[PDB]
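Student: Just dropping in an experimental structure and the matching sequence.
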Amino acid sequence: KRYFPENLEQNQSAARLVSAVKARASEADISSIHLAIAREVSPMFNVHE
Amino acid sequence: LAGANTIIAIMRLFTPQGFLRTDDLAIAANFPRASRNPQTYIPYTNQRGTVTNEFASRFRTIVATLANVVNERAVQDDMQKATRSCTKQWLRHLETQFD
Amino acid sequence: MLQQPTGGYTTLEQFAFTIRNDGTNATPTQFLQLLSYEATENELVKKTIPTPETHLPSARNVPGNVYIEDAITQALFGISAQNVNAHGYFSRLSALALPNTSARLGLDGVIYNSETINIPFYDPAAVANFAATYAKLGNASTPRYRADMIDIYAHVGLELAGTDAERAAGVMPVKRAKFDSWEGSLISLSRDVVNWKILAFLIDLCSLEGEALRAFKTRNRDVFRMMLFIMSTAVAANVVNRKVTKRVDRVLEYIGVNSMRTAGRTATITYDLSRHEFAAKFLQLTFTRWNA
Amino acid sequence: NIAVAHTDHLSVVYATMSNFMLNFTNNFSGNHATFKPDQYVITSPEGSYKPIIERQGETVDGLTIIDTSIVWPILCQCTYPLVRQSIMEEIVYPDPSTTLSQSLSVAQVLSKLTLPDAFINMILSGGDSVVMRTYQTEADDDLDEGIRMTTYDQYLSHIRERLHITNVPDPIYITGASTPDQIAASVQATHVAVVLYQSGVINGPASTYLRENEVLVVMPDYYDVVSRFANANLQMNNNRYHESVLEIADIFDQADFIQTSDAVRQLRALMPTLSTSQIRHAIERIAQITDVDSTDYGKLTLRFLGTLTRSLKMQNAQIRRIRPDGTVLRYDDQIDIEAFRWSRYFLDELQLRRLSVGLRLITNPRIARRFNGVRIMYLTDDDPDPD
Amino acid sequence: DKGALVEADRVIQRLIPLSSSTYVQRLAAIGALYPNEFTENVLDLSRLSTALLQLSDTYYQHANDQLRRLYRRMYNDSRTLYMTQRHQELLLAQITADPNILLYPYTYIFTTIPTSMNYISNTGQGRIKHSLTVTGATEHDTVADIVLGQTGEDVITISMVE
């Protein structure tokens, strides 16, 4: 993962921001990504939420 | 809008950066297509420049706006002041990663 | 000894001053023809130049044959001269200043301590006339004798950019110079000028009198202006290029203004503060001789 | 007791240490009420700026954490040479050469450190570019001829920061009341053929000027472009244009800022399309080539400096003060030092002077020995000649 | 200008900004133009800088284009000491008297004292009570409506009867 600049992850005053980015940074999964890209073109029948 | 300009200007950060391709190959194949003028919005064009890449540059202006906005964010807590600073660094970092 | 003609030494084809340009050895006047100007709101009023100090610096006891022409030319237009006041060898000119001195000034621009075989030299009376003033380049460093390095540049601009009307008036808008330009035009110009035998032009400036001198000032005004141009690029606050329909116009801004800049740039030769003092002194002496 | 050893003996050490080569920044004016350190950044037009000074959380092996308790041992359990009670220990005056030699070692290691990246960035400095429609305004216009123009967003994204660096007044807006002379004035004032459209419609002579001088108009949008002009020819049309790339080198030509020698130009023409990762790989390769072992203290400073990640985007990078408010200021004679006015691509003056002659080598015809294109033809080889 | 004898130490009491920020250059430029009318009213000396900066902000805001360009020249050559011809005449007098005297060299004499109205300046307390005249030099062919922003009662009250 390359979410943070070097040192900023281990910086003590950054911990709120780092906790936040960790709260949003889902682990990469080929199925989820391939789907995320593929779905951009695929027809949608049930409205997405 | 007359007085929501920071809001509108941030909303422009959402404007899509690609183009509306016509589905010429599929119209040629007589593939099924419910629209009478088939089209799909491709997310981004390829880099016609030799070095500059329009997409990374747009994200540069986006992170520029967002860092200016994080910086213009007043807070009470000391820790909120701290993260207000650290987020600007993280923004700048995402900018390079996106490039 | 080379005799001095009824004109100056400059009348000899051996001493002709030319800058390379568009594949040929162009005369300075036909470079200055390329020059065009942009007036700005700022104005330049020339004040009277203070008279040069009476006092001639002593030459020290120097055994060698000091290379005074290379020293002066590199001090003014040199691409990488520095600390020009440190060695203090310009004072050596004073050795020439005396009546019946045993020293001679070579056409090479070397000051020999005695006459030597197979080395041609300027007529000693004329050289005494030249040394009698220009040895004062020797005191460019010494605090009691320093030239102004701001106001004098007004005169530079006036003698460069100035129209005959602006010149008679003694005031001109602070003009911004420009010319159609080849790559590195200013450096190559500065190096064409560094090879100039300026001692010839100065000797004729200091020794010629009356009608011959006035004819000299008219004949050599463009050469003078060329040196002034190189110096003005040395002091110019900035030197940009401008794209213009498959052409590039070099632009220096501004003429007549000394920015006193010391940090170097690739565009032009740069003056260490010592070079600023030296150039100011040189301009004082030279403009003083040029207006009489 | 210790007051003498401070006022009379530490004060000198603070003064000589004040003079050392590496203590380059000012530290404190001594007035707590209004002190603020000057804050330079390495700004880039093509990236976010890097402050020299920030709370980066690199504590430097714990150095940046301050134990005030150090006053207790200092006052109350440490002897000083100046306070004997009286042995009269002789004072030590350290050899300058040690601290001098480590200072110098750090310096040379630093220049040689920057060098490979700084070279490539100079080669590609003209390579940043803006997309540009060229609408044609004549019956027989070539695809290049016409009225050059670019979207305002491209202009902010590239041209503007470079104007701020070149320190020229911002280009005029053109309200359609504009004379060609006003435009000529702005162009010669900002040394760049760029003007910002504000309100229509631009008149005939102004159009002939923008076309003939190839001045680049900057539109807010392309929403109805021809309505923004006044074509007496009725030649101009919203569908009639040619989009194309405009290298920054084809706009700017400031000497130490944007390398633009025709040599470097054609050398770029030889290059493949590049990513920032490609450029980074090139820089790493030149680094891999030119690596040379340093003096041992220089190897120590290199090891202590940490991994050379170099996340910084250095395309046309400068050194500018930022306001505490965070805006990056234009260079100011009267405040900023002359050395910061141009990076000079971060090279030594001699590397520039040599670079010149090298550009002269590269474009020598005798070297140009990569040949382009072949003719297949069925012929006898009677009396062969390469030519 | 009133011709009275002056025992002051120097003819030009204004500072020359040898090196300064923008605000100083503009303060000096507007300062050398002598816009202010003579005023015996006590000033609030404390707010002075702000006042003068506002004056630059007004002088540049409403001067004819040549005056405007003159202030811009002044703002660019800040190291110059601009001065009226009479001032320089006084300097030539004191140099003629005491040749050894040093004087700041980089001056620009005014061949013309600029033609502009003097600005009123009373920074002391007291509301003005203008006695407006029905007609004047200006001809307003068509003026935009002026909307007076509403007043607090803290700044002014309006009782039913005096």
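Tutor: Yep, it's here. Numbering: from 1, shown residues only, chains lettered A, B, ... in the order given.
Student: So for chain E, which residue is the most central one in space?
Tutor: residue E:35 (3.2 Å; CA atoms, centre = their mean).
Student: ranges for the helices of chain B?
Tutor: Using DSSP state H, the helices of chain B run over residues B:5-11, B:24-29, B:54-71, B:78-98.
Student: I'd like to know how far the most far-flung residue of chain A relative to its centre sits from chain B.
Tutor: Using CA atoms, centre = their mean, the residue of chain A lying farthest from its centre is residue A:45. It sits 25.7 Å away. From residue A:45 across to chain B, the span is 12 Å (CB to the nearest CB, to the nearest Å). Backbone N, C-alpha and C define where each C-beta goes, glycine included.
Student: cool, residue C:107 as well?
Tutor: From residue C:107 to chain B the distance is 55 Å (CB to the nearest CB).
Student: Residue D:147 now?
Tutor: Distance, residue D:147 to chain B, using CB to the nearest CB: 20 Å.
Student: What number of residues are in the vicinity of that residue?
Tutor: Residues lying near residue D:147 (other CB atoms under 10 Å in any protein chain shown) number 25.
Student: my guess is it contacts residue D:135, does it?
Tutor: Yes: using CB atoms under 8 Å, residue D:147 is in contact with residue D:135, at 4.9 Å.
Student: overlap in contacts of these two?
Tutor: residue D:236 (CB atoms under 8 Å, 6 or more residues apart in numbering or on different chains).
Student: Show the residue spans covered by the helices in the chain.
Tutor: Using chain A here. Here chain A has its helices, by DSSP H, at A:15-24, A:30-38.
Student: I was thinking of chain C, sorry if that wasn't clear
Tutor: Here chain C has its helices, by DSSP H, at C:28-32, C:68-77, C:93-97, C:124-134, C:152-160, C:164-169, C:185-194, C:198-207, C:210-219, C:221-235, C:273-290.
Student: a markdown table please, covering those helices and showing mean neighbour count.
Tutor: A markdown table is the format used below for the helices of chain C (neighbours: other CB atoms under 10 Å in any protein chain shown):
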| stretch | mean neighbour count |
| --- | --- |
| helix C:28-32 | 19 |
| helix C:68-77 | 22 |
| helix C:93-97 | 24 |
| helix C:124-134 | 21 |
| helix C:152-160 | 24 |
| helix C:164-169 | 11 |
| helix C:185-194 | 20 |
| helix C:198-207 | 24 |
| helix C:210-219 | 14 |
| helix C:221-235 | 22 |
| helix C:273-290 | 22 |
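Student: Chain B: which of the ones you listed is closest?
Tutor: Closest of the helices of chain C to chain B is helix C:185-194, at 27.6 Å (criterion: CB to the nearest CB).
Student: contacting residues around the closest one?
Tutor: With CB under 8 Å, 6+ apart as the criterion, helix C:185-194 contacts C:18-20, C:31, C:73-74, C:77-79, C:179, C:182, C:226-227, C:229-230, C:233, C:239, C:250, C:252, C:266-269, D:356.
Student: Can you name the helix or strand that residue D:160 falls in?
Tutor: Assessed by DSSP states H and E, residue D:160 sits inside helix D:160-166.
Student: got the CA positions of that helix in PDB?
Tutor: C-alpha atoms of helix D:160-166 as PDB (Å, rounded to 0.1, in the frame of the first residue of the first chain):
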ATOM      1  CA  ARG D 160       0.300  31.100 -15.300                       C
ATOM      2  CA  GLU D 161       2.700  29.700 -12.700                       C
ATOM      3  CA  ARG D 162       5.500  30.100 -15.200                       C
ATOM      4  CA  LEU D 163       4.400  33.800 -15.700                       C
ATOM      5  CA  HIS D 164       4.700  34.200 -11.900                       C
ATOM      6  CA  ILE D 165       8.100  32.800 -12.000                       C
ATOM      7  CA  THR D 166       9.200  35.000 -14.900                       C
END
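Student: Give me the sheet partners of the next helix or strand after it and which way each runs.
Tutor: Next along the chain after helix D:160-166, taking DSSP H and E as the criterion, comes strand D:173-174. Here strand D:173-174 has these sheet partners by DSSP bridges: strand D:194-197 (parallel).
Student: can you give me the offset of the partner strand from its chain's centre?
Tutor: The chain centroid and the centroid of strand D:194-197 are separated by 24 Å, computed with CA atoms, centre = their mean, to the nearest Å.
Student: Number of residues surrounding the residue of chain E found nearest chain A?
Tutor: As assessed by CB to the nearest CB, chain A sits closest to residue E:21 within chain E, at 33.5 Å. By other CB under 10 Å, the residues close to residue E:21 number 12.
Student: Which single residue in chain B comes nearest to chain E?
Tutor: Closest point on chain B to chain E, by CB to the nearest CB, is residue B:2, at 16.0 Å.
Student: For that residue, give its distance to chain C.
Tutor: Counting by CB to the nearest CB - residue B:2 and chain C are separated by 39 Å.
Student: what about that residue, distance to residue D:182?
Tutor: Remark: distance between residue B:2 and residue D:182 (CB to CB, to the nearest Å) = 32 Å.
Student: okay, these two: which has more neighbours?
Tutor: Each of residue B:2 and residue D:182 has its neighbours counted (other CB under 10 Å); residue D:182 has more, 16 against 4.
Student: name the element the more buried one belongs to?
Tutor: Using DSSP H and E, residue D:182 falls in helix D:180-190.
Student: wait, does that helix make contact with chain E?
Tutor: No: figure legend: helix D:180-190 not in contact with chain E (CB under 8 Å from any CB of the partner chain); closest approach 13.2 Å.
Student: Mind giving me the packing neighbours of that helix?
Tutor: Under the contact criterion of 3 or more CB pairs under 8 Å, 6 or more residues apart in numbering or on different chains; DSSP states H and E, helix D:180-190 touches strand D:194-197, helix D:204-212.
Student: so which of those is the most packed in?
Tutor: strand D:194-197 (a mean of 22; mean count of other CB atoms under 10 Å in any protein chain shown).
Student: List of residues touching it?
Tutor: Contacts of strand D:194-197 (CB under 8 Å, 6+ apart): D:149, D:152, D:155, D:159, D:171-174, D:183, D:186-187, D:210, D:215-220, D:228, D:251.
Student: do the same with stretch D:159-167
Tutor: With contacts defined as CB under 8 Å, 6+ apart, stretch D:159-167 is touched by C:240, D:43, D:45, D:130, D:170-171, D:190-192, D:194, D:218, D:248, D:251-252, D:254, D:257, D:316, D:318, D:328, D:330-331.
Student: And it, what's buried?
Tutor: For stretch D:159-167, the buried set under the neighbour-count rule, 16 or more other CB atoms under 10 Å in any protein chain shown, comprises D:159, D:160, D:161, D:162, D:163, D:164, D:165, D:166.
Student: between the residues you listed, which is closest to residue D:203?
Tutor: residue D:159 (24.4 Å; CB to CB).
Student: separation between that closest one and residue D:250?
Tutor: 12 Å.
Student: Please apply the same query to residue D:242.
Tutor: In terms of CB to CB, residue D:242 sits 15 Å off from residue D:250.
Student: tell me the contacts of the residue nearest the centre of chain A?
Tutor: What sits nearest the mean C-alpha location of chain A, by CA atoms, centre = their mean, is residue A:25, with 3.7 Å. By CB under 8 Å, 6+ apart, residue A:25 lies in contact with A:1, A:3.
Student: Please apply the same query to residue E:20.
Tutor: D:334, E:78.
Student: what does the one 4 residues further on give?
Tutor: For residue E:24, the contact set (CB under 8 Å, 6+ apart) comprises E:17, E:78.
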